[PDB]
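S.K.: As input, take input-v7.txt (compact mmCIF, C-alpha atoms):
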```
# COMPACT_ATOMS: atom_id res chain seq x y z
CA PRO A 1 20.98 -36.89 14.16
CA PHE A 2 19.26 -35.47 11.09
CA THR A 3 21.15 -33.15 8.75
CA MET A 4 18.89 -31.52 6.17
CA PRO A 5 19.98 -32.45 2.63
CA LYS A 6 21.09 -29.63 0.35
CA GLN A 7 17.91 -30.59 -1.51
CA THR A 8 17.13 -27.74 -3.93
CA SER A 9 13.78 -29.52 -4.64
CA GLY A 10 11.92 -27.99 -7.68
CA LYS A 11 8.27 -28.92 -6.85
CA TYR A 12 7.79 -25.99 -4.47
CA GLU A 13 9.66 -23.64 -6.82
CA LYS A 14 7.78 -25.04 -9.83
CA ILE A 15 4.44 -24.21 -8.22
CA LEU A 16 5.44 -20.81 -6.86
CA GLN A 17 6.73 -19.78 -10.30
CA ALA A 18 3.62 -21.23 -11.93
CA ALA A 19 1.38 -19.38 -9.49
CA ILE A 20 3.26 -16.13 -10.18
CA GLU A 21 2.69 -16.60 -13.92
CA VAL A 22 -1.00 -17.53 -13.74
CA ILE A 23 -1.81 -14.77 -11.25
CA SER A 24 -0.07 -12.30 -13.57
CA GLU A 25 -1.92 -13.36 -16.72
CA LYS A 26 -5.43 -13.22 -15.24
CA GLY A 27 -5.26 -11.89 -11.69
CA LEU A 28 -5.29 -13.46 -8.24
CA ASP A 29 -9.04 -14.03 -8.01
CA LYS A 30 -9.58 -15.40 -11.53
CA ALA A 31 -6.76 -17.91 -11.09
CA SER A 32 -7.53 -21.53 -10.26
CA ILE A 33 -5.27 -23.69 -8.14
CA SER A 34 -6.20 -26.00 -11.02
CA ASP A 35 -4.64 -23.71 -13.65
CA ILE A 36 -1.57 -23.13 -11.51
CA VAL A 37 -1.08 -26.83 -10.81
CA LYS A 38 -1.55 -27.75 -14.48
CA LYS A 39 0.89 -25.03 -15.51
CA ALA A 40 3.48 -26.40 -13.09
CA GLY A 41 2.92 -29.93 -14.36
CA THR A 42 1.82 -31.49 -11.07
CA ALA A 43 -1.33 -32.63 -9.24
CA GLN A 44 -3.43 -30.50 -6.88
CA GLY A 45 -1.86 -32.41 -4.02
CA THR A 46 1.48 -30.77 -4.74
CA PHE A 47 -0.07 -27.33 -4.29
CA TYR A 48 -1.73 -28.05 -0.93
CA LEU A 49 1.43 -29.69 0.39
CA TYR A 50 3.09 -26.26 0.29
CA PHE A 51 0.14 -23.83 0.46
CA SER A 52 -3.14 -23.98 2.39
CA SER A 53 -4.71 -21.59 -0.12
CA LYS A 54 -4.11 -18.99 -2.82
CA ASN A 55 -3.68 -16.37 -0.09
CA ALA A 56 -0.90 -18.41 1.54
CA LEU A 57 1.12 -17.77 -1.64
CA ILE A 58 1.44 -14.02 -0.90
CA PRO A 59 4.17 -14.19 1.78
CA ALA A 60 6.30 -16.44 -0.44
CA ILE A 61 5.78 -14.19 -3.44
CA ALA A 62 6.76 -11.14 -1.38
CA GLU A 63 9.92 -12.88 -0.17
CA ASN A 64 10.96 -13.65 -3.74
CA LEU A 65 10.43 -10.03 -4.83
CA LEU A 66 12.53 -8.94 -1.83
CA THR A 67 15.46 -11.25 -2.51
CA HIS A 68 15.24 -10.24 -6.18
CA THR A 69 15.51 -6.56 -5.22
CA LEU A 70 18.51 -7.15 -2.97
CA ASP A 71 20.21 -9.38 -5.58
CA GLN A 72 19.77 -6.65 -8.23
CA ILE A 73 21.31 -4.01 -5.98
CA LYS A 74 24.21 -6.26 -4.95
CA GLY A 75 24.66 -7.23 -8.58
CA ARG A 76 25.69 -3.64 -9.33
CA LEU A 77 28.18 -3.37 -6.45
CA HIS A 78 31.75 -4.55 -5.94
CA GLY A 79 31.91 -3.84 -2.21
CA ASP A 80 34.22 -0.84 -1.87
CA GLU A 81 31.74 1.77 -3.07
CA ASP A 82 31.18 4.94 -1.06
CA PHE A 83 27.81 5.38 0.68
CA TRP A 84 26.35 7.87 -1.80
CA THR A 85 27.13 5.58 -4.72
CA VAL A 86 25.42 2.68 -2.97
CA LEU A 87 22.40 4.96 -2.36
CA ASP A 88 22.28 6.05 -6.02
CA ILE A 89 22.08 2.42 -7.06
CA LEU A 90 19.52 1.49 -4.37
CA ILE A 91 17.29 4.33 -5.54
CA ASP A 92 17.66 3.51 -9.23
CA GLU A 93 16.94 -0.21 -8.77
CA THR A 94 13.90 0.38 -6.55
CA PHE A 95 12.23 2.63 -9.13
CA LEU A 96 13.12 0.17 -11.90
CA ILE A 97 11.67 -2.78 -9.97
CA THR A 98 8.54 -0.88 -8.92
CA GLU A 99 7.95 0.20 -12.51
CA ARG A 100 8.28 -3.36 -13.80
CA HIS A 101 6.64 -5.35 -11.00
CA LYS A 102 4.01 -2.96 -9.61
CA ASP A 103 1.37 -5.67 -10.10
CA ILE A 104 3.24 -7.90 -7.63
CA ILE A 105 3.74 -5.11 -5.09
CA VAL A 106 0.00 -4.26 -5.12
CA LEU A 107 -0.73 -7.99 -4.81
CA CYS A 108 1.42 -8.21 -1.68
CA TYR A 109 -0.32 -5.24 -0.06
CA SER A 110 -3.73 -6.78 -0.69
CA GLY A 111 -2.87 -10.30 0.41
CA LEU A 112 -0.70 -9.83 3.45
CA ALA A 113 -3.33 -7.33 4.63
CA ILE A 114 -6.34 -9.55 3.93
CA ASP A 115 -4.67 -12.20 6.10
CA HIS A 116 -3.69 -9.79 8.93
CA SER A 117 0.04 -10.46 8.50
CA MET A 118 1.57 -7.18 7.33
CA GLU A 119 4.24 -7.78 9.98
CA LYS A 120 5.51 -10.74 7.95
CA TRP A 121 6.71 -8.16 5.44
CA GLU A 122 9.07 -6.68 8.07
CA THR A 123 10.50 -10.13 8.84
CA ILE A 124 10.94 -10.64 5.10
CA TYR A 125 12.93 -7.39 4.81
CA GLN A 126 15.36 -8.35 7.63
CA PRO A 127 18.21 -9.43 5.29
CA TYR A 128 17.81 -6.20 3.28
CA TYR A 129 17.65 -4.02 6.43
CA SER A 130 20.62 -5.86 7.94
CA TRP A 131 22.67 -5.45 4.77
CA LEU A 132 21.98 -1.69 4.55
CA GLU A 133 22.67 -1.38 8.27
CA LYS A 134 26.24 -2.70 7.84
CA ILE A 135 26.78 -0.35 4.90
CA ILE A 136 25.71 2.62 7.03
CA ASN A 137 28.05 1.56 9.86
CA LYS A 138 30.80 1.30 7.27
CA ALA A 139 29.91 4.79 6.02
CA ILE A 140 30.01 6.19 9.55
CA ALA A 141 33.48 4.78 10.22
CA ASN A 142 34.61 6.44 6.97
CA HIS A 143 33.12 9.84 7.83
CA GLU A 144 30.72 9.71 4.88
CA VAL A 145 27.67 9.76 7.19
CA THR A 146 27.25 11.75 10.40
CA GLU A 147 28.16 9.88 13.57
CA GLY A 148 25.57 9.09 16.21
CA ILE A 149 22.63 8.16 14.00
CA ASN A 150 20.82 4.88 14.73
CA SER A 151 21.93 2.71 11.79
CA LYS A 152 19.28 0.00 12.23
CA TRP A 153 16.51 2.60 12.28
CA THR A 154 18.08 4.63 9.46
CA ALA A 155 18.42 1.63 7.16
CA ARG A 156 14.69 0.98 7.51
CA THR A 157 13.82 4.67 7.14
CA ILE A 158 15.89 5.00 3.97
CA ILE A 159 14.26 1.94 2.43
CA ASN A 160 10.73 3.11 3.36
CA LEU A 161 11.25 6.56 1.89
CA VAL A 162 12.66 5.31 -1.40
CA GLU A 163 9.96 2.68 -1.90
CA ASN A 164 7.18 5.08 -0.93
CA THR A 165 8.52 7.63 -3.43
CA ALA A 166 8.72 4.96 -6.17
CA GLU A 167 5.23 3.70 -5.31
CA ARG A 168 3.78 7.23 -5.40
CA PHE A 169 5.15 7.63 -8.92
CA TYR A 170 4.36 4.28 -10.56
CA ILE A 171 1.34 3.18 -8.50
CA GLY A 172 -0.11 6.40 -7.14
CA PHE A 173 0.57 7.95 -10.55
CA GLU A 174 2.08 11.12 -9.09
CA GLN A 175 4.11 12.05 -12.19
CA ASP A 176 4.18 15.85 -12.15
CA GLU A 177 7.87 15.74 -13.04
CA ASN A 178 10.24 13.41 -14.93
CA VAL A 179 11.06 10.33 -12.85
CA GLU A 180 14.73 11.36 -12.70
CA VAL A 181 13.73 14.50 -10.78
CA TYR A 182 11.91 12.42 -8.16
CA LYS A 183 14.90 10.10 -7.66
CA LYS A 184 17.24 13.08 -7.33
CA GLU A 185 14.82 14.62 -4.81
CA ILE A 186 14.99 11.54 -2.56
CA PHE A 187 18.76 11.51 -2.83
CA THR A 188 19.18 15.19 -1.86
CA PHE A 189 16.68 14.82 0.98
CA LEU A 190 18.64 11.86 2.40
CA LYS A 191 21.99 13.53 1.72
CA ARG A 192 21.09 16.72 3.61
CA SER A 193 19.97 14.63 6.58
CA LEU A 194 22.71 12.00 6.81
CA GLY A 195 25.61 13.81 5.16
CA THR A 196 28.57 14.97 7.25
CA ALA A 197 29.65 18.58 7.50
CA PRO B 1 -31.41 25.91 -13.11
CA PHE B 2 -29.93 23.50 -10.55
CA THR B 3 -27.84 24.17 -7.46
CA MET B 4 -27.47 21.18 -5.13
CA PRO B 5 -29.48 21.57 -1.93
CA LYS B 6 -27.08 22.03 0.99
CA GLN B 7 -25.57 18.92 2.58
CA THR B 8 -27.07 17.11 5.57
CA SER B 9 -26.56 13.70 7.20
CA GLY B 10 -28.75 10.97 5.73
CA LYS B 11 -28.76 7.28 4.82
CA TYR B 12 -25.26 7.33 3.30
CA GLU B 13 -23.58 8.38 6.55
CA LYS B 14 -25.83 5.94 8.43
CA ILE B 15 -24.71 3.01 6.28
CA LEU B 16 -21.03 3.98 6.23
CA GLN B 17 -20.91 4.27 10.03
CA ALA B 18 -22.80 0.98 10.34
CA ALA B 19 -20.46 -0.71 7.87
CA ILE B 20 -17.46 0.57 9.87
CA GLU B 21 -19.03 -0.83 13.05
CA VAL B 22 -20.04 -4.16 11.53
CA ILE B 23 -16.59 -4.59 10.01
CA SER B 24 -14.96 -3.91 13.39
CA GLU B 25 -17.09 -6.74 14.80
CA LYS B 26 -15.91 -9.60 12.58
CA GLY B 27 -13.96 -7.93 9.80
CA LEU B 28 -15.15 -7.92 6.19
CA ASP B 29 -16.00 -11.46 4.96
CA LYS B 30 -18.24 -12.14 7.98
CA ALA B 31 -20.01 -8.82 7.66
CA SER B 32 -22.96 -9.07 5.33
CA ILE B 33 -24.86 -6.21 3.73
CA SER B 34 -27.80 -7.63 5.66
CA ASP B 35 -25.60 -7.31 8.75
CA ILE B 36 -24.73 -3.67 8.08
CA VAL B 37 -28.07 -2.61 6.59
CA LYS B 38 -29.98 -4.03 9.55
CA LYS B 39 -27.52 -2.23 11.81
CA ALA B 40 -28.11 1.10 10.05
CA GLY B 41 -31.87 0.68 10.21
CA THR B 42 -32.61 0.59 6.48
CA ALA B 43 -33.33 -1.90 3.69
CA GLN B 44 -30.67 -3.55 1.53
CA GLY B 45 -31.64 -1.22 -1.29
CA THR B 46 -30.16 1.70 0.62
CA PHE B 47 -26.77 -0.01 0.65
CA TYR B 48 -26.66 -0.68 -3.10
CA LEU B 49 -27.78 2.86 -3.84
CA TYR B 50 -24.42 4.06 -2.47
CA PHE B 51 -22.14 1.00 -2.80
CA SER B 52 -21.98 -1.66 -5.51
CA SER B 53 -20.32 -4.05 -3.04
CA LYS B 54 -18.46 -4.42 0.25
CA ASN B 55 -15.22 -3.53 -1.51
CA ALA B 56 -16.73 -0.23 -2.70
CA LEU B 57 -16.89 0.82 0.97
CA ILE B 58 -13.08 0.93 1.33
CA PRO B 59 -12.36 4.22 -0.50
CA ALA B 60 -15.03 5.97 1.57
CA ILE B 61 -13.74 4.48 4.81
CA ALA B 62 -10.23 5.65 3.88
CA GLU B 63 -11.42 9.20 3.19
CA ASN B 64 -13.10 9.34 6.58
CA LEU B 65 -9.92 8.22 8.36
CA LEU B 66 -7.96 10.88 6.42
CA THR B 67 -10.48 13.56 7.32
CA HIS B 68 -10.35 12.44 10.94
CA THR B 69 -6.55 12.62 10.91
CA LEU B 70 -6.40 16.14 9.46
CA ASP B 71 -9.16 17.30 11.85
CA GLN B 72 -7.21 15.96 14.86
CA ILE B 73 -4.01 17.76 13.86
CA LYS B 74 -5.86 21.02 13.13
CA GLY B 75 -7.75 20.64 16.40
CA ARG B 76 -4.46 21.09 18.26
CA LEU B 77 -3.37 24.16 16.28
CA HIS B 78 -4.22 27.87 16.47
CA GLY B 79 -2.59 28.84 13.17
CA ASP B 80 0.46 30.85 14.18
CA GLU B 81 2.61 27.95 15.37
CA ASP B 82 6.18 27.55 14.12
CA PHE B 83 6.97 24.68 11.74
CA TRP B 84 8.64 22.40 14.28
CA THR B 85 5.64 22.65 16.59
CA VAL B 86 3.22 21.72 13.80
CA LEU B 87 5.48 18.75 12.89
CA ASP B 88 5.66 17.53 16.48
CA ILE B 89 1.88 17.54 16.65
CA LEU B 90 1.63 15.81 13.24
CA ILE B 91 3.96 13.06 14.42
CA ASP B 92 2.15 12.60 17.73
CA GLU B 93 -1.33 12.43 16.16
CA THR B 94 -0.22 10.04 13.41
CA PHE B 95 1.17 7.55 15.94
CA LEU B 96 -1.90 7.99 18.16
CA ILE B 97 -4.31 7.31 15.27
CA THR B 98 -2.28 4.39 13.93
CA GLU B 99 -2.27 2.79 17.38
CA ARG B 100 -6.04 3.22 17.80
CA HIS B 101 -7.18 2.49 14.25
CA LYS B 102 -4.59 0.09 12.84
CA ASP B 103 -7.35 -2.32 11.77
CA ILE B 104 -8.86 0.41 9.58
CA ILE B 105 -5.47 1.15 8.01
CA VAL B 106 -4.86 -2.55 7.25
CA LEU B 107 -8.40 -2.81 5.85
CA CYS B 108 -7.64 0.08 3.49
CA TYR B 109 -4.42 -1.50 2.22
CA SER B 110 -6.20 -4.79 1.54
CA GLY B 111 -9.21 -3.27 -0.17
CA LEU B 112 -7.89 -0.50 -2.35
CA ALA B 113 -5.24 -3.00 -3.49
CA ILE B 114 -7.69 -5.81 -4.28
CA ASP B 115 -9.42 -3.27 -6.55
CA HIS B 116 -6.30 -1.97 -8.33
CA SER B 117 -7.05 1.51 -6.99
CA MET B 118 -4.20 2.45 -4.64
CA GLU B 119 -4.06 5.71 -6.62
CA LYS B 120 -7.41 6.71 -5.06
CA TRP B 121 -5.52 6.97 -1.78
CA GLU B 122 -3.29 9.76 -3.19
CA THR B 123 -6.39 11.61 -4.35
CA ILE B 124 -7.86 11.14 -0.89
CA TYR B 125 -4.76 12.69 0.73
CA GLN B 126 -4.85 15.81 -1.46
CA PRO B 127 -6.43 18.12 1.18
CA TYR B 128 -3.83 16.93 3.73
CA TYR B 129 -0.92 17.32 1.28
CA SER B 130 -2.08 20.83 0.29
CA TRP B 131 -2.51 21.91 3.90
CA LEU B 132 1.01 20.76 4.79
CA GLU B 133 2.43 22.30 1.60
CA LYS B 134 0.98 25.68 2.62
CA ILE B 135 2.52 25.31 6.08
CA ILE B 136 5.91 24.52 4.54
CA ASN B 137 5.65 27.61 2.31
CA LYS B 138 4.95 29.73 5.38
CA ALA B 139 7.91 28.16 7.19
CA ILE B 140 10.22 28.92 4.25
CA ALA B 141 9.20 32.58 4.33
CA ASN B 142 9.82 32.72 8.09
CA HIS B 143 13.26 31.15 7.60
CA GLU B 144 12.32 28.11 9.70
CA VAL B 145 12.83 25.72 6.76
CA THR B 146 15.64 25.86 4.19
CA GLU B 147 14.78 27.74 1.02
CA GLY B 148 14.70 26.02 -2.35
CA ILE B 149 12.99 22.75 -1.45
CA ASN B 150 9.91 21.64 -3.40
CA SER B 151 6.99 22.16 -0.99
CA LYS B 152 4.53 19.82 -2.69
CA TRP B 153 7.03 16.96 -2.81
CA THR B 154 8.29 17.59 0.73
CA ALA B 155 4.77 17.67 2.21
CA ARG B 156 4.11 14.19 0.76
CA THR B 157 7.55 12.88 1.77
CA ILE B 158 7.07 14.08 5.34
CA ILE B 159 3.66 12.44 5.62
CA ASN B 160 4.90 9.16 4.08
CA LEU B 161 7.87 8.78 6.40
CA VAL B 162 5.89 9.59 9.54
CA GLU B 163 3.06 7.16 8.68
CA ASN B 164 5.56 4.40 7.63
CA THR B 165 7.35 4.78 10.95
CA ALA B 166 4.04 4.62 12.91
CA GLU B 167 3.00 1.58 10.84
CA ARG B 168 6.32 -0.18 11.37
CA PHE B 169 5.80 0.25 15.12
CA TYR B 170 2.11 -0.58 15.61
CA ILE B 171 1.48 -2.81 12.60
CA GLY B 172 4.93 -4.16 11.81
CA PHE B 173 5.54 -4.63 15.55
CA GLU B 174 9.01 -3.10 15.35
CA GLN B 175 9.13 -2.02 19.01
CA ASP B 176 12.82 -2.38 19.93
CA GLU B 177 12.53 0.99 21.67
CA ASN B 178 9.93 3.03 23.55
CA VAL B 179 7.57 4.65 21.04
CA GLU B 180 8.73 8.14 22.11
CA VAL B 181 12.25 7.33 20.86
CA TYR B 182 10.85 6.46 17.42
CA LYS B 183 8.82 9.69 17.27
CA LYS B 184 11.87 11.73 18.29
CA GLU B 185 13.94 9.84 15.72
CA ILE B 186 11.64 10.88 12.85
CA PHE B 187 11.61 14.46 14.08
CA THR B 188 15.41 14.72 14.22
CA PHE B 189 15.77 13.05 10.81
CA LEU B 190 13.37 15.61 9.30
CA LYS B 191 14.89 18.54 11.17
CA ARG B 192 18.43 17.76 9.99
CA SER B 193 17.14 17.67 6.40
CA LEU B 194 14.74 20.63 6.22
CA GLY B 195 16.38 22.53 9.07
CA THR B 196 17.63 26.07 8.53
```
With the file now loaded, output its structure as structure tokens.

M.R.:
Amino acid sequence: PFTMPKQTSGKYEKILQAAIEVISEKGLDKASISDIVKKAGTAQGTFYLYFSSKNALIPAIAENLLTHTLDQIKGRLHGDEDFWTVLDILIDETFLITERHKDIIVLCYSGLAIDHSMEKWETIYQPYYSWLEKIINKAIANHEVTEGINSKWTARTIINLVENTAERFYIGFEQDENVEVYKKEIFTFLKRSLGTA
Amino acid sequence: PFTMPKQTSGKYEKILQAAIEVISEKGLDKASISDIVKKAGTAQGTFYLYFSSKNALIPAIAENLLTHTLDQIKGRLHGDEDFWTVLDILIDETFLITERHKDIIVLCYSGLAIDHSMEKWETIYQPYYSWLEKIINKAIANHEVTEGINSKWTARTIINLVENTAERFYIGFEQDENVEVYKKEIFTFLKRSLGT
């Protein structure tokens, strides 16, 4: 039967990257599929082959930010780190990424919502949730994290908390203290709750 | 000189309530000012007096949901409750409101964001944050909550986590367990961390 080629195709990627650049330089609503397409060096047909509209770009943009976030975190790990060290890095990267790409995060909230698909964001996070889940199980087996907790739920809770804290600081502009104090606050809060005796 | 005459319900409230109703009917882009205005029993001029556009309605709608949320929680309290009892009620009400008004919550995320004003939401939550902060201070004094934590930060953290969990369940559709298990999960997570 049919076996999908390894095909690492370019056109789709060319347009998505182009769209990300145009939307950044002038905003989502002032962008033209025309400008995007001409910046990617293709015809309008190439755009519509992959996206029904400008809004349809949101889910794909959110997925790329998510895999970028996970890659960054993994990029700073070797695999044998203790749980708290992994957490430190996850917290640091999340604040760094939120600071630098807040425009994209706000864009995802607006789009996914406008199209009644905020649940797609959960699907998108699956690989990140799954990855943290295994790390928590590994931390439980090594007595770094209290036994009994629901690891699937906890992975998601940890990620929500950290991102909400980062968003409050860089997007909600709650900066009553140095950013390092906020990151330490999240860490201590999580430590007191998941840490073993 | 001037001292604002005391507040009363007028056109503003009429239009906002109408807008909320019209938007529940079809959902924004389908709702026209003519739609809303005719529903509130006024002319189009009354709409533009208070809102420059349909998007301008979002912040006001969000404040009303926040006020409704705080009112609900307070409605179930007498004032002498222990911290864990207040929390339990806060968790229950948040899930209840998210279940019932998820379309309003989604509408707020889409609008405030489209306008580059997600910070307005933090301003909007100020009365809720302050109220919780005061409750946490009282709980610290009564040795119900560990001493030393930052009350302002913890009040916001508590509210974030609870609302994210409720949103994951009703909006994200993460329902791998009965909703009561999720609510209990948040409570235990918070109790192990702030617990005495």

S.K.: Counting only C-alpha atoms, which residues from chain B have an atom at most 7 Å from any atom of chain A, and could you show them as number ranges by chain?

M.R.: B: 106-107, 109-111, 113-114, 118-119, 122, 160-161, 164, 171-173, 189, 192-193

S.K.: So, counting only C-alpha atoms, which residue among B:35, B:28, B:69, B:15 is closest to residue 48 in chain B?

M.R.: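 For residue 48 in chain B, the nearest of the given residues is B:15.
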
S.K.: What is the CA of residue 138 in chain A to CA of residue 169 in chain B distance in Å?

M.R.: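 Distance between the two atoms: 26.2 Å.
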
S.K.: Can you pull out the residues contacting range 144-152 of chain B? Cut-off 10 Å, using all atoms listed in the file, and skip same-chain residues under 6 positions away; I want them as a list in words.

M.R.: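 Here the answer would be residues 185, 188 and 189 of chain A; 82, 83, 84, 129, 130, 131, 132, 133, 134, 135, 136, 137, 138, 191, 193, 194, 195 and 196 of chain B.
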
S.K.: Write out the residues from the selection above, keeping C-alpha atoms, as a CSV table (one decimal), in the frame of the given file.

M.R.:
```csv
chain,number,residue,atom,x,y,z
A,185,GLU,CA,14.8,14.6,-4.8
A,188,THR,CA,19.2,15.2,-1.9
A,189,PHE,CA,16.7,14.8,1.0
B,82,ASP,CA,6.2,27.6,14.1
B,83,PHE,CA,7.0,24.7,11.7
B,84,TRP,CA,8.6,22.4,14.3
B,129,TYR,CA,-0.9,17.3,1.3
B,130,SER,CA,-2.1,20.8,0.3
B,131,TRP,CA,-2.5,21.9,3.9
B,132,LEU,CA,1.0,20.8,4.8
B,133,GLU,CA,2.4,22.3,1.6
B,134,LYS,CA,1.0,25.7,2.6
B,135,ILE,CA,2.5,25.3,6.1
B,136,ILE,CA,5.9,24.5,4.5
B,137,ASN,CA,5.6,27.6,2.3
B,138,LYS,CA,5.0,29.7,5.4
B,191,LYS,CA,14.9,18.5,11.2
B,193,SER,CA,17.1,17.7,6.4
B,194,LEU,CA,14.7,20.6,6.2
B,195,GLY,CA,16.4,22.5,9.1
B,196,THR,CA,17.6,26.1,8.5
```

S.K.: Could you work out how far CA of residue 135 in chain A lies from CA of residue 92 in chain A, giving the answer in Å with one decimal?

M.R.: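 Rounded to one decimal, the two atoms are 17.3 Å apart.
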
S.K.: Enter the distance from CA of residue 69 in chain A to CA of residue 10 in chain A, in Å, rounded to one decimal.

M.R.: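 Between CA of residue 69 in chain A and CA of residue 10 in chain A the gap is 21.9 Å.
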
S.K.: Measuring between all atoms listed in the file, which one of A:141, A:19, A:98, A:4 shows the shortest distance to residue 55 in chain A?

M.R.: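 Smallest distance to residue 55 in chain A is found for A:19.
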